[PDB]
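S.K.: Mind looking over this structure? Questions follow.
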RNA sequence: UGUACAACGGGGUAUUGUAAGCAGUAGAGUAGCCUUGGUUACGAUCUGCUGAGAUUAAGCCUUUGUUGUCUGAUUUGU
RNA sequence: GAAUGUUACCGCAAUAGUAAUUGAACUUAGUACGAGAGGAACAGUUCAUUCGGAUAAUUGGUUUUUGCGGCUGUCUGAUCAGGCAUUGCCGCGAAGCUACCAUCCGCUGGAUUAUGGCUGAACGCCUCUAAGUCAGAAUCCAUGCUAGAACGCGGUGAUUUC
RNA sequence: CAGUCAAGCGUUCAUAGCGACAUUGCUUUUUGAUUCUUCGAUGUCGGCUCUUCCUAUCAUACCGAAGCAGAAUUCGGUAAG
RNA sequence: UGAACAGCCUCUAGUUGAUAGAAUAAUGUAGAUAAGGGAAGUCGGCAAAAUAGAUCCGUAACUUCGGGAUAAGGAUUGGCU
RNA sequence: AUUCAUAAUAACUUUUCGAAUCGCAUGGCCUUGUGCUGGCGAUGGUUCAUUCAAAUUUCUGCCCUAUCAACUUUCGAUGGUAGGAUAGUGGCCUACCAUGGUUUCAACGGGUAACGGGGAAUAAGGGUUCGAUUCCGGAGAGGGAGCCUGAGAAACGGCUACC
RNA sequence: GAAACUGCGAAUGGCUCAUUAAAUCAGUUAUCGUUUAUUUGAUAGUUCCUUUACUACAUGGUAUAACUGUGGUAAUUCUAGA
């Protein structure tokens with residue numbers, strides 16, 4: 001069973017192939033919004049706490065929160081809802097969606113780390129991923145870099161360098 | 001169940017004896033199927049032959065398209081009302097009785113199947129599985 | 001083993017026991033005992049029937065699954081480096097942000113001088 | 001004359017389905033009184049006490065509890 | 001069921017009966033064979049026909065548990081609680097019983113018939129036969145199961161101080 | 001219902017399979033033949049249920065023969081489980 | 001209660017009289033039920049089973065024009081104010 | 001032709017709008033402050049008018065049949081009263097009241113191998129037949145039925161449900 | 001200047017004549033009984049409401065698309081977590 005675990009701050013994700021059946025029984029009779037035991041999910045996650053954030057069952061089906069059913073059902077999704085993106089103006093197409101209750105059919109189960117334990121895992125927590133880009137709004141960069149009303153916020157912005165081998169661009 | 005069946009089928013409780021009328025589950029134009037006999041049935045004194053889910057039988061069209069009438073044609077039972085036990089341990093049964101007209105070889109005469117079809121019947125006859133919409 | 005839910009009452013369904021029913025439109029129904037199935041065929045409302053879980057859910061009878069809800073008091077408020085700006089350089093910029101009034105005044109004076117030079121150049125060109 | 005047996009009671013389990021009674025600025029309303037604006041009488045039912053009440057072995061299990069019982073008559077020999 | 005010295009336990013086994021039968025699908029095999037259109041079989045596996053023995057955990061059935069709840073006519077002054085209507089009606093319904101309508105199971109050793117043979121004379125050859133001998137049937141006898149001669153049998157404990 | 005002889009069918013090829021003209025027997029599940037028992041009384045047809053027995057064997061088990069190449073199909077033997 | 005001297009319960013009046021007792025085997029008598037098929041059983045829908053009252057609407061062929069007719073086929077039925 | 005357009009009062013609004021938008025050009029007021037004033041436009045915006053239109057609607061006009069003489073009126077039919085919905089008038093729907101409305105001047109029912117018109121073929125004049133089709137209007141995206149977006153759709157080269 | 005967000009268009013056009021006999025349609029009217037993006041012309045000095053602090057108007061708040069990494073599915077203009 002694939003366990004897709006995400007870790008904030010470091011911002012890294014990794015899949016753990018939990019073959020053992022005794023380990024994945026903690027997710028049984030659970031639903032997005034609860035917590036699971038790091039010792040229960042495996043031996044190397046001692047002292048860890050995880051929060052379920054959905055996933056997908058066999059054949060690949062989005063996990064929609066609020067279904068509160070252990071089996072898949074066909075729902076009429078609409079605009080501004082997850083698991084469906086309007087391809088037109090007002091178009092509402094119904095699709096089969098996996099239930100929120102986690103059962104013995106989740107091929108890939110998605111969690112997010114809540115707190116860090118004593119032991120550290122692989123690159124999942126051993127790698128630090130920086131942000132893709134900084135903010136754009138003047139007030140946003142002001143509150144980011146910690147300036148005042150009159151502090152010349154234009155100068156204190158992102159100045160990342162990209163080089164083609166003969167010239168550098170700050171962009 | 002011995003003409004062109006792919007593998008055997010686990011025993012199913014028989015609740016469709018000779019004389020039963022089942023609603024037709026195909027677009028061949030027939031409205032009902034009248035049981036006339038059961039292929040591969042038993043022999044016993046004063047015992048009425050009976051059909052189960054997926055068993056190949058012979059039937060006549062009592063009402064429906066005129067050409068289908070006054071003839072005998074093979075049929076495959078796709079829905080049986082009598083409750084039967086599967087090897088999984090649960091007991092399941094269908095709302096009514098229904099069958100599909102087919103040739104003795106196994107190919108479906110119709111083009112589509114309306115309503116749920118038994119998983120045992122679908123597995124036993126590949127044409128039924130390939131022609132059905134939903135399998136339970 | 002797989003454990004199911006009764007359609008009529010929400011009762012727990014164990015392997016071996018129970019019955020399964022399908023309607024003409026291919027709908028799955030599971031009944032734990034003969035009573036629930038009999039009421040289902042009698043078209044009795046599970047909501048109206050008292051001993052089903054639906055009636056208790058509506059009437060808040062023994063609703064004690066969660067004593068108190070859990071909510072986030074505040075955001076994560078985590079700090080991470082952004083792009084190539086680097087965490088050390090970001091911290092240095094944050095530390096150097098105060099006492100920048102003199103630098104701002106010098107920049108404003110330089111900009112005013114540049115604007116005056118540009119105006120003089122435009123006047124000369126015209 | 002004791003890990004004894006029997007009759008009750010308790011618990012477990014099961015069946016059924018929310019008991020009597022009380023209270024309700026819950027009641028389609030009806031007929032009365034002057035604080036013509038709230039109250040007096042009748043009113044299927046519902047709501048809270050209440051997965052409550054009733055039965056539970058006669059061919060379900062147990063019983064540190066109450067209560068009792070444990071010397072009646074015949075027959076048999078190589 | 002009396003009589004065999006009483007009673008109780010463990011037993012043997014003469015006799016008597018017998019039981020299991022068949023088919024489909026996968027592989028062999030689109031192979032052997034067959035110019036060709038056609039098309040197997042042994043061994044192995046999964047099932048299925050009929051019959052037999054059990055047993056209710058699951059599914060269904062039976063309702064006098066008259067167990068609970070609801071309903072109609074009448075009666076106890078009204079409520080509660082109850083009587084009758086030959087078991088007043090309906091729904092659910094515990095226990096028992098039952099359903100190839102639910103479940104499991106139904107053994108392997110020898111001797112033989114037809115047949116195919118071996119050695120070998122009659123009949124210097126030949127020959128399955130005259131002597132002997134091999135394989136061999138849903139056959140028979142055995143393994144096993146049921147009842148156990150109430151006059152078939154064995155072992156074991158106590159046999160009454162009054 | 002079962003044998004014997006053998007003119008032929010079977011492309012040549014009596015007995016792979018049929019076997020004419022003739023002839024020898026078998027059972028009383030058909031029907032006749034005589035009325036010996038019964039007319040001071042054996043309840044007479046058919047159907048349902050049920051037990052057993054026979055082989056003149058439809059299939060299953062084991063084999064032989066064929067103008068049996070396979071499949072199918074035709075006879076014969078042991079065979080009533 | 002009910003259209004009713006239909007069926008049921010009660011008032012006045014009358015009776016408590018049908019040999020009784022202990023358990024609830026097979027087979028029976030009367031009353032019953034039963035998952036799927038719905039007459040395939042049987043000489044034969046024999047037996048048994050379903051509707052059945054009232055109200056609303058709707059009623060074919062035929063005919064002697066009076067009938068068929070409650071044709072057939074459908075909807076409602078409680079309590080309280 | 002108005003209870004018209006319009007104005008003033010007493011209040012009301014899950015408060016509608018009354019520019020937190022974009023590209024070029026660079027001038028003046030003092031004073032030397034990025035202090036104050038300065039066009040071309042674009043987009044957007046509250047209403048009115050015009051246009052694009054849409055929606056009903058006045059009178060007349062459509063093939064053959066009576067081997068179709070009465071039709072509609074339970075449950076909407078002919079009108080009113082009052083209310084709901086529409087963007088609007090209207091039985092378009094709702095509760096009540098009245099029994100009304102059309103018809104031998106061809107109602108109503110049946111078929112049309114009938115989309116209608118502008119027009120085409122053919123004749124002294126009259127007249128006969130055809131018109132799906134290059135122009136206008138109407139219906140449809142296989143039969144229905146429902147709906148979001150959108151000013152404008154029961155939209156199908158937009159979805160949902162049944163065949 | 002890819003892609004994407006945003007605003008419009010996709011209710012235009014093209015095809016067929018199934019249904020339809022006061023219905024469509026044609027001639028001819030009304031909206032004083034209605035709506036209208038679009039282009040054209042005009043058209044907001046009042047919006048702080050214990051309106052002395054309750055108040056960024058040198059113009060303030062928030063999420064998100066693309067993107068970077070994890071993938072599931074046999075498959076579709078399929079999608080979930082950071």
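Including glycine, each Cβ sits where the backbone N, Cα and C put it.
What Swiss-Prot lists as ubiquitin cross-link is A:116, A:131, A:149, and the listing cites a large-scale study or a structure entry. The feature phosphothreonine is assigned by Swiss-Prot to A:163, with a large-scale study or a structure entry given as support.
In terms of burial and nearby residues, how do these features look in this structure?
M.R.: Of all Cβ atoms in the shown protein chains, 15 besides its own fall within 10 Å of the Cβ of residue A:116 (ubiquitin cross-link). For the recorded site, residue A:116 (ubiquitin cross-link), the DSSP three-state label reads coil.
Secondary structure from DSSP puts residue A:131 (ubiquitin cross-link) in a beta strand.
Secondary structure from DSSP puts residue A:149 (ubiquitin cross-link) in coil.
According to DSSP, residue A:163 (phosphothreonine) sits within a strand segment. Neighbour density for residue A:163 (phosphothreonine): within 10 A of its CB lie 8 other CB atoms from the protein chains shown.
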S.K.: Suppose we call a site close when its Cβ is under 8 Å from a Cβ of chain C; which of the recorded positions A:116, A:131, A:149, A:163 are close?
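M.R.: Cβ contacts with chain C under 8 Å: A:131.
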S.K.: Near residue A:149 (ubiquitin cross-link), how many other Cβ atoms are within 10 Å of its Cβ?
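M.R.: If we count other Cβ atoms within 10 Å of residue A:149 (ubiquitin cross-link), we arrive at 6.
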S.K.: Return the count of C-beta atoms lying within 10 angstroms of the C-beta of residue A:131 (ubiquitin cross-link), excluding that atom itself.
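M.R.: That number is 13.
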